[PDB]
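Following: one structure in structure tokens, then a few remarks.
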Amino acid sequence: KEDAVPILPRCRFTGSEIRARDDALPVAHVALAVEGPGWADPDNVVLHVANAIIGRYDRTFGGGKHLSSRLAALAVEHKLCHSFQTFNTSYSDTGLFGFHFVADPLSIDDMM
Amino acid sequence: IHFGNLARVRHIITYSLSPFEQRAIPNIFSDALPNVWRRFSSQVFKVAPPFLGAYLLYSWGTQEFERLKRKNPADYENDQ
């Protein structure tokens, strides 16, 4: 028992949402994700390559409207957000693949 | 633009699940029907009454109309 590494009970993913609203906050944060493959899967490489294509942005990036990331260009062109990031958070048996952006109340829809 | 100007809301949390993770018509007997009854009950004595009264009025007036088409023998009792 002492030198046996315990296997953890699996965690079930659920498509769903949770909305904590407070119009008193300056900007809004949104994060959306699908279920990931977990450390061991080779696919995680491709997934990361994918997030590489979408990339990330943030108002200080000087590249501006010329960034290669389409979402970043749009973000710039249409003042879509203050920032956004892709991510591929992995875990032993599962993970979270998605994105998170920060925007002003009235540009949330177009960004999403 | 009507979404984002509607109201000032603070501190309310909401949880919801994708349509594919839940049943479309759940708990028909444990929740559905009981309420259908609940609702029916709560209302019956407000709606039903005037309709019932309307019915009677109809029934009366209808029958009363036919009775006036029939003959009253007391008009021919001394017609020899």
Checklist outcome for this item: Going through segment B:1-59 in order, the residues found to be of a type in the set (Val, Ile, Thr) and farther than 30 Å from A:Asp110 by Cα are B:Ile25, B:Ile28, B:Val36, B:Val44, B:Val47
Checklist outcome for this item: A:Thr89: passes all of (1) within 30 Å of B:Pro19 (Cβ to Cβ); (2) assigned to a helix (DSSP H, G or I); (3) more than 14 Å from chain B (Cβ to nearest Cβ) but (2)
Item to check | Close pairs from segment A:3-30: first within 13 Å of chain B (Cβ to nearest Cβ) and among the acidic types (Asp, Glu), partner assigned to a loop (DSSP other than H, G, I, E, B) and loosely packed, with under 10 Cβ neighbours inside 10 Å, Cβ under 7 Å, at least 6 apart | outcome: A:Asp23/B:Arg8
Next on the checklist: So in segment A:15-29, with the set limited to residues that are surrounded by 10 or more Cβ atoms within 10 Å (Cβ to Cβ) and hydrophobic (A, V, I, L, M, F, W, C), which one is farthest from the chain's Cα centre (by Cα)?
Outcome noted: A:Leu25
Checklist entry - In segment A:36-86, how many residues are in a helix (DSSP H, G or I) and touching a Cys at 6+ places or on another chain (Cβ under 8 Å)? => result 1
Next on the checklist: Regarding segment B:16-31, can at least one residue be identified that is among the basic types (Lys, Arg), within 14 Å of chain A (Cβ to nearest Cβ) and closer than 30 Å to A:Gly15 by Cα?
Outcome noted: no
Item to check | Given (1) β-branched (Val, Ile, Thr); (2) closer than 30 Å to B:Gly4 by Cα; (3) in contact with a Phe, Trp or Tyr (Cβ under 7 Å, 6 or more places away or on another chain), index of the condition A:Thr14 fails | outcome: (3)
Item to check | Pairs where the first residue, in segment A:94-112, is at the interface with chain B (Cβ under 10 Å from one of its Cβ atoms) and the second is part of a strand (DSSP E or B), C-beta under 9 Å, 6+ apart | outcome: A:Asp104/A:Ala28; A:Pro105/A:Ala28; A:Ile108/A:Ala28; A:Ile108/A:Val30; A:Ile108/A:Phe101
Item to check | Residues of segment A:1-31 that turn out to be out of contact with any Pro (no Cβ under 9 Å at 6 or more places or on another chain), of a type outside the set (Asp, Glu), outside any loop (DSSP other than H, G, I, E, B) and more than 19 Å from A:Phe97 (Cα to Cα), as a count | outcome: 3
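Because the Cβ atoms are built from the backbone with ideal geometry, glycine has one as well, and the counts that use them run over all protein chains shown. Every read-out reported here was derived from the displayed coordinates using simple, explicitly stated rules and does not represent laboratory data.
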